[PDB]
There are 2 protein chains.
Amino acid sequence: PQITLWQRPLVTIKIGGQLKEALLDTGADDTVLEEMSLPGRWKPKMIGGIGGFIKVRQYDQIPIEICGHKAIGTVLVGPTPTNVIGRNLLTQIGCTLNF
Amino acid sequence: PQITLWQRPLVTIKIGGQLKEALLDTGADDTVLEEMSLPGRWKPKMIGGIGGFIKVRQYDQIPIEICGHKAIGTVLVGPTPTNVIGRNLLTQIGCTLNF
Ligand SMILES: CNc1nc2ccc(S(=O)(=O)N(CC(C)C)C[C@@H](O)[C@H](Cc3ccccc3)NC(=O)O[C@H]3CO[C@H]4OC[C@H](Cl)[C@H]43)cc2o1
Ligand SMILES: [Cl-]
Ligand SMILES: [Cl-]
Ligand SMILES: [Cl-]
């Protein structure tokens, strides 16, 4: 699809058996989601944005589906004010900026 | 151009006659630059990010070139970790997401 930027580019993702809304976010290196359970190993991480850093749990090799597109990658979970899909997963669905 | 997302989508912008690097950021409503001088009066704005809010100065109707594409609009100036070009200006240069 071609996604306009007149409005926030929100999509539905399927992850960990759950459906969530998230922002397609080219300024995010990493995908960051609000508190939720995910299976498998994790390690703590600090990530930084406008306003400073938050502590998150880093889960690797997590399957996700975005707009019918399956991908696998790292998902950071913690107290983000908004769910964002970062470049680590945007690449996998073949998402580009165009102008 | 078509810009893939395997690296940060960093482009050169020109503002007040000077070149800077900035991140094309579909997850940003607004454009926020590191401390700099701009002309005219400014209004207050609080903008919210992963780590909370920061206070910025809002300047309106500022000319800015983004990858050689001419835009004139609102620029916020304050203690951001990185220069970000948000949707207010990405729409002026005809940017979309595509996959
Ligand atoms: C109301 N108007 C307004 N304009 C905004 C502009 C930017 C921002 S923002 O807080 O920087 N942010 C909003 C998102 C997180 C919902 C834009 C987002 O792309 C920010 C842009 C950014 C880039 C580097 C450092 C700091 C910030 N991305 C971000 O926080 O990414 C996190 C998660 O992945 C990493 O990649 C960069 C930073 Cl270090 C980490 C908010 C704004 O609000
Ligand atoms: Cl990854
Ligand atoms: Cl590619
Ligand atoms: Cl504007």
Side-chain angles (χ1 to χ4, degrees), chain A residues 1 3-38 42 44-60 62-67 69 71-93 95-97, chain B residues 5 8-10 22-33 44-56 58 74-76 78-91 95-99:
Chain A
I3 301 299
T4 184
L5 294 171
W6 295 123
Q7 293 84 33
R8 294 183 174 158
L10 297 172
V11 294
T12 295
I13 63 179
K14 197 248 73 117
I15 182 172
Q18 303 176 51
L19 291 166
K20 299 186 164 270
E21 178 190 80
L23 187 61
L24 300 177
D25 185 0
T26 59
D29 296 335
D30 313 295
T31 294
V32 192
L33 303 181
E34 314 170 334
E35 281 300 343
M36 70 173 290
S37 179
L38 289 174
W42 60 270
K45 192 186 184 177
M46 293 278 274
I47 56 283
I50 265 310
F53 290 78
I54 60 168
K55 190 178 173 201
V56 298
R57 304 189 316 273
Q58 178 185 328
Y59 295 89
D60 297 317
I62 300 300
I64 200 279
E65 197 190 319
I66 305 158
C67 286
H69 293 84
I72 191 153
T74 294
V75 177
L76 311 182
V77 177
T80 177
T82 248
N83 292 338
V84 300
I85 307 309
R87 293 190 292 100
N88 77 299
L89 290 172
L90 297 170
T91 56
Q92 299 299 278
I93 67 172
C95 185
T96 58
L97 291 161
Chain B
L5 299 170
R8 287 181 182 138
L10 296 175
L23 177 67
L24 304 184
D25 187 357
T26 57
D29 300 335
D30 301 315
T31 291
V32 66
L33 306 180
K45 196 178 175 69
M46 297 281 288
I47 58 162
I50 243 353
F53 292 75
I54 64 173
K55 285 159 98 95
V56 297
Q58 176 177 323
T74 298
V75 174
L76 311 182
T80 178
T82 78
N83 293 333
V84 297
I85 304 188
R87 294 187 294 99
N88 74 306
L89 302 186
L90 298 174
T91 56
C95 193
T96 56
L97 290 162
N98 297 265
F99 57 96

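Convention: sequence-line order gives letters A, B, ...; per-chain numbering from 1. Computed over heavy atoms, backbone and side chain alike; hydrogens, waters and symmetry mates excluded.
Between the side chain of A:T80 and the backbone N or O of B:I50, no donor-acceptor pair lies under 3.5 Å. In terms of modelled atom types and a separation under 3.5 Å, the side chain of B:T91 and the main chain of A:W6 share no donor-acceptor contact.
Between the CD1 atom in A:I13 and the CD1 atom in A:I64 there is a gap of 4.5 Å [rounded to 0.5 Å]. Between the CG atom in B:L76 and the CG atom in B:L33 there is a gap of 8.0 Å [rounded to 0.5 Å].
The shortest non-hydrogen separation linking B:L97 to A:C95 is CD2-SG, 3.7 Å. When all heavy atoms of B:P79 and B:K55 are compared, the pair lying nearest together is CD-O, 3.6 Å. Contact detail for B:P81 and A:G49: the closest heavy-atom pair is CG-O, 3.3 Å. Of all heavy-atom pairs between B:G86 and B:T31, the closest is N-OG1, 3.0 Å. Here the shortest heavy-atom pairing between B:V84 and B:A28 reads CG2-CB, 4.5 Å. In terms of heavy-atom proximity, B:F99 sits nearest to A:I93 at CB-O, 3.5 Å.
At least one side-chain heavy atom of A:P9 sits under 4.5 Å from a side-chain heavy atom of A:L23. Under the 4.5 Å side-chain criterion, counting only non-hydrogen atoms from C-beta, A:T26 is in contact with B:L5. Put simply, the side chain of A:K45 does not reach to within 4.5 Å of the side chain of A:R57, judged on heavy atoms.
No donor-acceptor contact under 3.5 angstrom links the side chains of A:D30 and A:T74, judged on distance only.
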Any chance you could lay out the side-chain contact (heavy atoms from CB on, under 4.5 Å) test for A:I54 and A:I47, step after step, and finish with the verdict? CA-CA 6 Å; A:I54 60 168; A:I47 56 283; 3.7 Å; yes
Applying side-chain contact (heavy atoms from CB on, under 4.5 Å) to A:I15 and A:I62, what does each step give before you reach the verdict? CA-CA 8 Å; A:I15 182 172; A:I62 300 300; 3.9 Å; yes
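A 6.0 Å sphere centred on CZ of B:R8 holds no more than 12 heavy atoms belonging to other residues, nucleotides or ligands.
Here the options are B:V75, B:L90, B:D25, the test is side chain to side chain contact (heavy atoms under 4.5 Å, CB included), and the partner is B:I85; only B:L90 passes.
Using a 30° and 60° split on the angle between ring planes, A:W42 and A:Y59 fall in the tilted class, from 30° to 60°.
For residues 14-24 of chain A, no residue pair satisfies the salt bridge (charged side-chain N to carboxylate O under 4.0 Å, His left out) rule, not counting sequence neighbours. Here salt bridge (charged side-chain N to carboxylate O under 4.0 Å, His left out) pairs that include residues 82-91 of chain A, with residues two or more places apart or in two chains, are A:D29-A:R87. Applying the salt bridge (charged side-chain N to carboxylate O under 4.0 Å, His left out) rule to pairs touching residues 75-84 of chain A yields nothing, sequence neighbours excluded.
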